[PDB]
Each structure stands twice: as C-alpha cells, then as structure tokens.
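Here's a solo chain for you in structure tokens, the form deposited in one PDB entry.
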C-alpha cells in the first residue's frame, strides 16, 4: 500500500507530475507511516529545493486575485516557467480540506500542465496548515517548479503566515470602494483595475495615496523600497513590469544574502510550528482531553483563572 519510495523520489526529481501529486497525497494520509515516508522524502530531496522564486499574494475578495494570478501565471508558463499555485486558508482547519480543489477559478492555468494548483491543506492549527504548505512548496521545487505562488484564500488571518512562507509579498488593492497590518507586510502594492468602472485615473489616484503613505514607513531592508504600481489582471496589463520588479528584488537580495537569511528564519519558524501542531493534536487527541483543554482556555478567557494558572492546568493534562 505504501509505494516504493525510492522509485517515487526518483520520479518526482525527474519532474514526474503524478509522482509529485502522489507525494502530496501521502502527506494527507490517515496513516502515520505514510506521512513519515513523505517527510523522509522531503529531507532526502532538500538539496534540490530552493531554486525558485517564492511569491506570496494577498488581497480582499473581489480585487480580482484569481484573474490576476491566472494572467500572470499564464505569462510565466508561456515564457517557459513552471508555476505552482498553492492556497492557504485558515478555514482548512475546519473542513477536512478540499476533495478536488478549486483550480477552475484560474481557467487558463487549470488546464496548463506547466502549472500545478493545490488547495489549502487540512491541519489542526494555522501554523500546521502553513507548515504543511511549506512541505508542499519543497516538493514542488524538487519536482522542477521554478515559480511558487502562495495565495491567501478566504476571509481569515493568513497574511502573516503567507509572508512567512515566501520571499516576496505582493498586496493587491482596489482603486477604492483592508486589515491594517497588511501595508507593513508588503514588498509591493499593485492597484488592480477590476472592471470597466476602473481605469488609469481611479487606479493611479489610489496608487498615489498609497505611495505617499508608505513614505512614513521605514522599509525593513535598505536594499528594497516597496513600490506601488497599477495593473489590470483582466486585460493582462502591467504584469510584465510587475514581474520584472519581483525579479529585481530577487537579484538584489540574493546578492546581499538577504533571501537566504529570511528563508533560514522562516525554516526555524516552520519547524517549531510543526512541534506546536503536534502538541495541539495531543491536547485534542480524545474527547476528555479536548474538553479539559477547552475549559482551561475558557476559564482564562473569562478572567476566572489567570493565564499562568490555565497553562499549569494544561501542563497537568500533558503529564496525565
């Protein structure tokens, strides 16, 4: 029932799409041994990873995120790139994941074998979902995908996780009509024209406001000052220019070692995220333990016992 893992690994490394899909499937197995086998695989293929541009993309629903990603992704595959699109949605902690995904939201990419689209994976905690996404990213990179787009999906709080999964964080904004922390995550803002009601006047007007405001915020790296641009996902305008800026960021921050520096900090974060997910799984591993954990948390939320008293209560459960 477990595939020959040496065969699977060698196929995956040769760009075998079915092998990549199977490795991803093994990571969601009910069987601990299946999940362990793919963890071994990922560590085994680590030296073949990391040779990709990793871009996180966010924006409020209706900004035209799917349309823009479909357009940009298609420009990239036409140019000979192999493009993975991975979703992160905090609601996959509450659904069991997606049985067939939702790739058809990107109509062109959905039928393009030069692209590979996967939905948000199921886990107990957002940290768990994001850690699993990191595993998937590594598998895609080992299989030869050189652009990895990671998209926030749904309404919940996934923006920081996606920034911490990628090298470059792109924020798509509407010309008018945003969770405040998003500006400080941005390596670039793109004001997108959604429909026939949005032209260069509305788009440029909003861009100028964002550009002016960003001037009071200190860029985290002297190597990069976040630009504000306009685009139309719908009409495929300004996307080549947008991409060139992301490539410039990659070139510049690779030369300074800053891409690698950020990735190593992220890697340690995702290590501890899995440790913490596993702890959570223990604290909900039976109805009785879940009940007790939930009540400690409730007592703390309710100001009936202090945070330290709640933590001590949790400690006793772990000891039991």
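So that the term is clear: the rigid core is the largest set of C-alpha atoms that superpose within 1.5 Å between two forms. Positions refer to the first chain, counted from 1.
Visitor: For the stretch from residue 212 to residue 213, please bin the deposited residues that the model skips: none, 1 to 3, 4 to 9, or 10 or more.
Guide: According to the record, the chain runs unbroken from residue 212 to residue 213.
Visitor: Once you work out the mean C-alpha B-factor for both 261-269 and 57-65 from the entry, which is higher?
Guide: It is 57-65 that shows the higher mean C-alpha B-factor.
Visitor: Do the C-alpha atoms of 134-142 or of 118-126 have the higher average B factor in the entry?
Guide: Between 118-126 and 134-142, it is 118-126.
Visitor: Which one, 244, 221, 230, 77, has the peak C-alpha temperature factor per the PDB entry?
Guide: Out of 244, 221, 230, 77, the record gives the largest C-alpha B-factor to 221.
Visitor: For the C-alpha B-factor as written in the entry, point me to the maximum among 113, 105, 249, 81.
Guide: Answer for 113, 105, 249, 81: 105, with the highest C-alpha B-factor.
Visitor: Among the modelled residues of its chain, does the C-alpha B-factor of residue 256 lie in the lowest, middle or highest third?
Guide: Tercile = highest for this residue's CA B-factor.
Visitor: For residue 167, does the deposited CA B-factor place it in the lowest, middle or highest third of the chain?
Guide: It belongs to the lowest third of the chain when residues are ordered by C-alpha B-factor.
Visitor: Hey, what third does residue 51 fall into on Cα B-factor, ranked over its chain?
Guide: Middle third - that is where residue 51 ends up once the chain's C-alpha B-factors are sorted.
Visitor: Going by the CA temperature factor in the PDB record, which third of the chain does residue 277 belong to: lowest, middle or highest?
Guide: Residue 277: CA B-factor falls in the middle third of its chain.
Visitor: For the chain shown, is the CA B-factor of residue 190 in the lowest, middle or highest third of its modelled residues?
Guide: For residue 190, the deposited C-alpha B-factor lands in the middle third.
There is another form of this protein, the form solved in complex with a small molecule, and it is not shown here; the text below is about that form.
Visitor: Counting any heavy atom within 4.5 Å as contact, can you tell me which stretch out of 212-220, 110-118, 230-238, 136-144 lines the small molecule in the bound PDB entry?
Guide: It is the stretch 230-238.
Visitor: Pick from 50, 285, 62, 261: which has a non-hydrogen atom within 4.5 Å of the small molecule in the bound PDB entry?
Guide: Checking each option against the small molecule in the bound PDB entry, the one that comes within 4.5 Å is 62.
Visitor: Consider residue 249 of the chain shown here, and say whether it contacts the small molecule in the bound PDB entry, taking contact as heavy atoms within 4.5 Å.
Guide: Flag for residue 249 set to no.
Visitor: Quick check on residue 193: any heavy atom within 4.5 Å of the small molecule in the bound PDB entry?
Guide: Result yes; residue 193 sits at the interface with the small molecule in the bound PDB entry.
Visitor: Although the small molecule is absent from this view, report whether residue 67 comes within 4.5 Å of it in the bound PDB entry, heavy atoms only.
Guide: Residue-level check for residue 67: yes, a contact with the small molecule.
Visitor: Tell me, which of 194, 242, 75, 228 is the one whose C-alpha shifts by at least 2 Å between this form and the one not shown, with the rigid core superposed?
Guide: Spelled out, the residue whose C-alpha shifts by 2 Å or more is 194.
Visitor: Between residue 194 and residue 205, do the C-alpha atoms lie closer or farther in the bound PDB entry than in the shown form, with a difference of 3 angstroms or more?
Guide: Distance between the C-alphas of residue 194 and residue 205: shorter in the bound PDB entry, by 3 Å or more.
Visitor: Specify closer or farther for residue 245 and residue 195: how their Cα atoms are spaced in the bound PDB entry versus the shown form, given a shift of 3 angstroms or more.
Guide: Nearer in the bound PDB entry, by 3 Å or more.
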